[PDB]
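Some notes on the structure that comes next.
There are 2 protein chains.
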Amino acid sequence: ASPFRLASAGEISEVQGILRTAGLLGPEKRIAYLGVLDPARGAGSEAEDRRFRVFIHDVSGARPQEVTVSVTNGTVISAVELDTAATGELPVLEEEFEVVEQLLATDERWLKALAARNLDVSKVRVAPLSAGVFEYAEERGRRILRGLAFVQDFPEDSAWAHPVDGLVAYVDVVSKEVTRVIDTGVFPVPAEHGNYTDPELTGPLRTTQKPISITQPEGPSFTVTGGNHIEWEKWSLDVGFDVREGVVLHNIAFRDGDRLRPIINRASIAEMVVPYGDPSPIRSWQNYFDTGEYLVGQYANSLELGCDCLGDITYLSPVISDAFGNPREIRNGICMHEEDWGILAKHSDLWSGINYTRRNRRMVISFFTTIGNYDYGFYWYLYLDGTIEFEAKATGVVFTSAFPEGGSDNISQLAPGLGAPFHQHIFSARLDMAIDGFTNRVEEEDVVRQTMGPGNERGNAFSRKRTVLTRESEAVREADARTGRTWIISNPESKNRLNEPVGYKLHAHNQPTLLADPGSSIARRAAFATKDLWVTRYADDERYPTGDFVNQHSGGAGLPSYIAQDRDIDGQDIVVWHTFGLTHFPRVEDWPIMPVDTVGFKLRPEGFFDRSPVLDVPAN
Amino acid sequence: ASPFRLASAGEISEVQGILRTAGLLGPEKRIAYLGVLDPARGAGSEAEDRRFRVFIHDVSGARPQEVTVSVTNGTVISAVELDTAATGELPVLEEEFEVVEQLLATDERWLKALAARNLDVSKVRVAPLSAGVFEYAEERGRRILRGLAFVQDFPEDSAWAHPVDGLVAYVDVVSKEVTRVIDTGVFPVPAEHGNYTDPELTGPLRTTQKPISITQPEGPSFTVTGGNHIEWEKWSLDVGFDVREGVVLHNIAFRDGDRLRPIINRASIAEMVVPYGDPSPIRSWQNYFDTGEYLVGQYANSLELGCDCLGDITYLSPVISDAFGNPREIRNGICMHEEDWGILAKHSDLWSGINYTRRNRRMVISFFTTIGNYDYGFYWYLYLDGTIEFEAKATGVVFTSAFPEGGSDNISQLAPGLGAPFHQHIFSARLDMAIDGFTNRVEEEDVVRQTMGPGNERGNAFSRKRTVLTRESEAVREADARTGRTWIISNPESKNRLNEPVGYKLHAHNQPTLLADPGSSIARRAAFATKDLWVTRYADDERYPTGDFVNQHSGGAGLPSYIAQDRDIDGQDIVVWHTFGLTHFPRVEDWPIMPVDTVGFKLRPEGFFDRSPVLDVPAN
Ligand SMILES: [Cu+2]
Ligand SMILES: [Cu+2]
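Here it is as structure tokens:
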């Protein structure tokens, strides 16, 4: 019944039949993206119209199309041919990955480079990686992948332990031509294995860990209705899933007494870029846009009870489409549970003799994805006190290279002859704000130091200042940890009982932003990553910080072009885009499989409530 | 047996007996501090000689004494008379707090001030606060407390809801004389109650929270031997307790195969300061040195099972001395338990076909203290992967004032007429490092951005730089979040298998440091708080960043005096002092009782191990 329900297998099958009958899904077509569209802005929108947006690829070389379908009326709403040399290529297809290694295996330059290094071609795995846009004019308008080679000594071997440095190949996966094979010189292939389930490497397994039993004897405190609507501890929201973005949170609201108060209309991680900082021509082109180029939702793991998710777990199994329009279920792809979160508030008062302690809890919504060697966990948290928090967890296997004799300023050594180039993992959170409604504004809050003198005779005073961001041209902001800079999203028309506008405060981790030179290709295509905070006026077609078609787009798409419109954002329908990330200089302890490292952000109420919202939590 | 065992009741009783026999603890004497001394540097030393340090106050006004005794030999080792006008007053005694309200209730100036406000003296509570050093010459060499008043409407009322602004009194607690009563004018006393257990303010309690049960059917995975020696998942340490610093960690080591490897010799929170930034003369003197002036261990709570500490809890009950030398047990004052901590490492490999998931856990050592309106939790965490983390949790009731008509730049409004002055909560971590032994050094690590051009033709490279701190004069460092700055403590004489010095990396939160003007009294007394990192050469008498006697002591002791020795710290026995804090602009949601906010730091291995140290964790 809800317009925000998860897509069903039936809806996807109905989309496939509609496209096929319209002549848009023949043998030479592939679906590169399929997803449901959000309802348009309308507080009276009640007529059910489930629409899907589809990117259709053509393997014979015809121009691709963007199609919008109504599953409701069974009609094609629009269909436009795309000029990819202008607006960018479609996302990478899972079936194009295997093609790279197959084509190189019969290419004579590739075989000769392998022969010089005495490598069996049957043992050489190729990582197929996105191409980017650099100085090669012949790749414009063509779908290119670039390949790096790794040796797999046997079928169960971890190939990441054995990079083949000095070698890279470019492949046109449409015409199936190897365009270039570049051999910069022979490097020894590192010999130690990295097999983290080999008893030879692990040693005897620990027998010292005792079980921790987390049970909910009366079931969980949250309810799920209509498939994906959660109610928990005065929170209300809908859990969506998109094949590009992954888990998406809709309609986050909080019941304050007898009022359901909106906070966030839509929350998602709308891009994620992994730029490498090794100047070697073998890797200086390497930049993953995991969300925009690869689609992180389509690689979500099925999550195992007790291993991946511990406690009383409620699962969602979302449906996506395969490349032919068949529905595919990601069984146990989203975990939902609550967990204890320690002390919430505590005071023992000498004067009143009252001793008071209450415990905190958080609601957790999570999924995990695997893109090649990397694995990323996406965690959304809701706390009793109104805090909302996101956390990314990075693990998997680091990407490797040779470690050069004489060292490197841009690569860490992990094992004899084995290196790991420096890189970053940078996320963009898109937060379509709705603090008590859609009339919102953003203020930047800095700490203000004061000088000893008149009115500050003892030199103890300090203060704070707030600056309203009024237009998009002034709403590109950077962090300043030294002055405790935060950002407040308020509703100037909804006041608390002290007649102050209600608000929420964004707390960033203040990690470094994109380190690449400003003139570089990655700084142009990942412009969002150069600044900590962006604010735009809402528009329904401004969805991703990097534009709709990220793969092999020349740059400038997404946020820099949106911001150029210089729209009013002072008491308007606005969207907050927060950049945050990890700068990873790999350490020996990250090898051969990396312990989790985390980064995130959180939002806390700032005069949104008239007093603490957890006074009604029982002692238990 | 172990020289780091907790002080026993018998030892404290013996100190009492020894001081009495020596004529140092007659009826007019009071114990203001009593603590066990750590063994001096020496592998062998005195078989065991348990020594105790005592500060002895005299209630007839005679000069106090610092005394060291050996409980083993039954002897006084040294006893020195203190000139408190020069070196500082002793910490505040618990029995002195009660003096203040009782003395004011008979003072004609105080009664006249309350009569002017139509207040009944029998309902006026006085918060007795540390005095600091300002422009009052008659206070030099006297023990002074300052009092701020709050109305309690009935015996169970929260007095913090009803501050009596415009009024402050100064009291000599030894001669029992009210030195000054200052009245800057009548403010309305805020009328709303702040009683967070009153059903009329909480409303009906929630019935929606279902139980979370956390059990360990085979018991915990750690062992406790010798009363306070912990072994847990390759970690080894001794948990100490001191009445000034609270929980102290000794001898933190990690068993790496055959070898027990030292990491940290002694870890403590060695000072904490809470400065207020309201320039009103009623409060511009307000700064708490909770550790140095009040002794935070003295006010440790007894922690309730299932409420304060949830799960399979092992308790320690430390023993301290009262003001007369009798042992007092802080029952269930320390909780110790292990917690599940989500995913440790995870990878699904396409090429090998192996799926791999491991879970993380942490060991938690915690205590809570209550000082007036404030409650602080101190948590130390040890993780499976070698990470060490500290977290402070701040809750309780915010300190209040009137909210002036027309507003304030230095005070938040919480309720009609009720204000909360801006303030900070700043901690100093003293980390006596011992990375694989005592030969250590600190490097400051910054990210290095690189310009596009020769050798970096695509503008993607970035790097890092490390700067060795070689002398104490250059070891006073500030954060730089923009350049990702961290600090590495390494042992230049212990190399990993890649022939690199083993190390640990300090990750700060990069919160603002002390905001007060550099010429202010608080900036001089809390000089440690103005910089993020200090490194000193180890010395037995350099224990606290503010010095031994903080109460009513001007600047001239502590970290700035230590650093002036300019000693060699490059490959020596060194101590890291890390400043970190919260800057608190109170919000409406902090009233009437504050939900927990947090700050901390962590240390992670950086080439300390030869590979990941958690390959031998089993799959459950
Ligand atoms: Cu990484
Ligand atoms: Cu505070």
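Chains as they are written, first to last, in the deposited numbering: chain A, 9 to 628; chain B, 9 to 628.
Cβ atoms here follow ideal geometry from the backbone N, Cα and C, with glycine treated the same way.
**Item:** Beta-bridge pairing of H515 of chain B - partner residues as DSSP gives them
**Value:** B:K610.
**Message:** Among A:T322, A:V194, A:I379, A:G341, whose alpha-carbon lies nearest the alpha-carbon of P136 of chain A?
**Reply:** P136 of chain A has its Cα closest to that of A:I379, out of A:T322, A:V194, A:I379, A:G341.
**Request:** Report yes or no: is there a C-beta of chain B within less than 7 angstroms of the C-beta of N259 of chain A?
**Result:** Taking Cβ atoms only, chain B never reaches closer than 7 angstroms to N259 of chain A, which makes this a no.
**Prompt:** Between which two residues does the beta strand (DSSP E) containing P335 of chain A stretch?
**Reply:** Where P335 of chain A is concerned, the enclosing beta strand (DSSP E) stretches over 335 to 337.
**Asked** Is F536 of chain A helix, strand or coil by DSSP?
**Response** Here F536 of chain A sits in helix by DSSP.
**Contact list for the stretch 579 to 604 of chain A against chain B, Cβ threshold 8 angstroms** = Along the stretch 579 to 604 of chain A, going in chain order, the ones with a CB nearer than 8 angstroms to a CB of chain B are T591, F593, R595, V596, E597, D598, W599, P600, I601, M602, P603, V604.
**Message:** So if I threshold CB-CB distances at 9 angstroms, which residues from the stretch 469 to 489 of chain B count as touching chain A?
**Reply:** Under the 9 angstroms Cβ criterion, the stretch 469 to 489 of chain B contributes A469, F470, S471, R472, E486, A487, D488, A489.
**Asked** According to DSSP, what are the bridge partners of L268 of chain A?
**Response** Beta-bridge pairing by DSSP links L268 of chain A to A:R263.
**Prompt:** How about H592 of chain A: is its Cβ closer than 6 angstroms to a heavy atom in ligand 1?
**Reply:** Because some heavy atom of ligand 1 lies under 6 angstroms away, the Cβ of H592 of chain A counts as near it: yes.
**Prompt:** Any Cβ of chain A within less than 7 angstroms of the Cβ of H515 of chain B?
**Reply:** Not closer than 7 angstroms to any Cβ of chain A, the Cβ of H515 of chain B fails to qualify, so no.
**Prompt:** What residues are listed by DSSP as bridge partners for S325 of chain A?
**Reply:** In DSSP, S325 of chain A forms no bridge with anything.
**Item:** Residue from B:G555, B:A469, B:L112, B:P424 whose Cα sits closest to the Cα of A531 of chain A
**Value:** Considering only alpha carbons, the answer is B:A469.
**Request:** Using DSSP bridges, identify the partner residues of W359 of chain A.
**Result:** Paired residues: none, contrary to the question.
**Message:** Quick test of your reading: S569 of chain A and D383 of chain B, contact by CB under 8 angstroms. State the CB separation rounded to the nearest angstrom.
**Reply:** Beta-carbon to beta-carbon, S569 of chain A and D383 of chain B are separated by about 51 angstroms, too far to satisfy the 8 angstroms threshold.
**Asked** What in chain B is Cβ-close to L209 of chain A, meaning under 7 angstroms?
**Response** Within 7 angstroms Cβ-Cβ: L623.
**Asked** Mapping DSSP to helix, strand and coil, what is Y364 of chain B?
**Response** Shown here, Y364 of chain B sits in a strand according to DSSP, grouped into three states.
**Prompt:** Using CA coordinates, which residue listed in B:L175, B:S221, B:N518, B:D46 is at the minimum distance from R369 of chain A?
**Reply:** Just measuring C-alpha positions, the residue of B:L175, B:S221, B:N518, B:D46 sitting nearest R369 of chain A is B:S221.
**Request:** Measure the C-alpha to C-alpha separation of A9 of chain B and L45 of chain B and round it to an integer number of angstroms.
**Result:** Those two C-alpha atoms are separated by around 16 angstroms.
**Beta carbon proximity, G285 of chain A to chain B, threshold 7 angstroms** = Yes, its Cβ sits closer than 7 angstroms to a Cβ of chain B.
**Cβ pair count under 8 angstroms reaching 3, the stretch 554 to 567 of chain B against the stretch 347 to 354 of chain A** = At 8 angstroms Cβ cutoff, the stretches do not touch.
**Message:** Alpha carbons only, please: which of A:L422, A:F249, A:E106, A:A437 is nearest the one belonging to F593 of chain A?
**Reply:** Of A:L422, A:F249, A:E106, A:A437, the residue nearest in Cα terms is A:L422.
**Message:** Assess contact between the stretch 546 to 554 of chain B and the stretch 503 to 515 of chain B, defined as three or more Cβ pairs (one per stretch) separated by less than 8 angstroms. Is contact present?
**Reply:** Contact between the stretch 546 to 554 of chain B and the stretch 503 to 515 of chain B is absent, because fewer than three Cβ pairs lie under 8 angstroms.
**Message:** Using CA atoms only, rank isn't needed, just tell me which of B:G149, B:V510, B:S53 is closest to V596 of chain A.
**Reply:** Nearest of B:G149, B:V510, B:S53 to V596 of chain A, Cα basis: B:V510.
**Asked** Mind checking if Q421 of chain A is an interface residue toward chain B, Cβ cutoff 7 angstroms exclusive?
**Response** Taking a beta-carbon distance threshold of 7 angstroms, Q421 of chain A counts as an interface residue toward chain B.
**Message:** Let me check understanding here. Comparing Cα to Cα, which of B:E185, B:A442, B:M280 lies closest to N259 of chain B?
**Reply:** Ranking the options by Cα distance to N259 of chain B, first place goes to B:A442.
**Prompt:** Considering only C-alpha positions, which residue in the set A:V456, A:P219, A:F375 is nearest to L257 of chain A?
**Reply:** The option with the nearest alpha carbon to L257 of chain A is A:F375.
**Request:** Kindly indicate which three-state DSSP category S528 of chain A falls into: helix, strand or coil?
**Result:** Reduced to three states, the DSSP call for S528 of chain A is coil.
**Asked** Does the stretch 170 to 179 of chain A come within contact of the stretch 484 to 501 of chain B, defined as at least 3 CB pairs closer than 8 angstroms?
**Response** Proximity of the stretch 170 to 179 of chain A to the stretch 484 to 501 of chain B falls short of the contact definition, fewer than three beta-carbon pairs being nearer than 8 angstroms.
**Prompt:** Listing by chain order, which chain B residues have their CB less than 9 angstroms from the CB of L112 of chain A?
**Reply:** Here the premise fails: no neighbours, minimum Cβ distance about 15 angstroms.
**Item:** Residues that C315 of chain A contacts on chain B, provided the C-beta gap is smaller than 8 angstroms
**Value:** Under a criterion of Cβ atoms nearer than 8 angstroms, the residues of chain B adjacent to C315 of chain A are, in order, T365, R367, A627, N628.
**Message:** Quick check for students: name the residue ranges of the alpha helix (DSSP H) that lie wholly in the stretch 86 to 118 of chain A, counting only runs of 4 or more.
**Reply:** Qualifying alpha helix (DSSP H) stretches, in chain order: 92 to 95, 102 to 113.
**Prompt:** Is the CB of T606 of chain B under 7 angstroms away from at least one CB in chain A?
**Reply:** Not one chain A Cβ lies under 7 angstroms of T606 of chain B.
**Item:** Buried versus exposed call for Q573 of chain A [16 or more other C-beta atoms within 10 Å across all chains shown]
**Value:** With fewer than 16 Cβ atoms within 10 Å of its Cβ, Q573 of chain A is classed as exposed.
**Item:** Interfacial residues, the stretch 134 to 149 of chain A to chain B, with Cβ spacing under 8 angstroms
**Value:** Those residues of the stretch 134 to 149 of chain A that come within reach of chain B (Cβ to Cβ, closer than 8 angstroms) are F142.
**Request:** Using 10 angstroms around the beta-carbon of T233 of chain A, count the other beta-carbons present and answer buried if the total reaches 16, otherwise exposed.
**Result:** With fewer than 16 Cβ atoms within 10 Å of its Cβ, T233 of chain A is classed as exposed.
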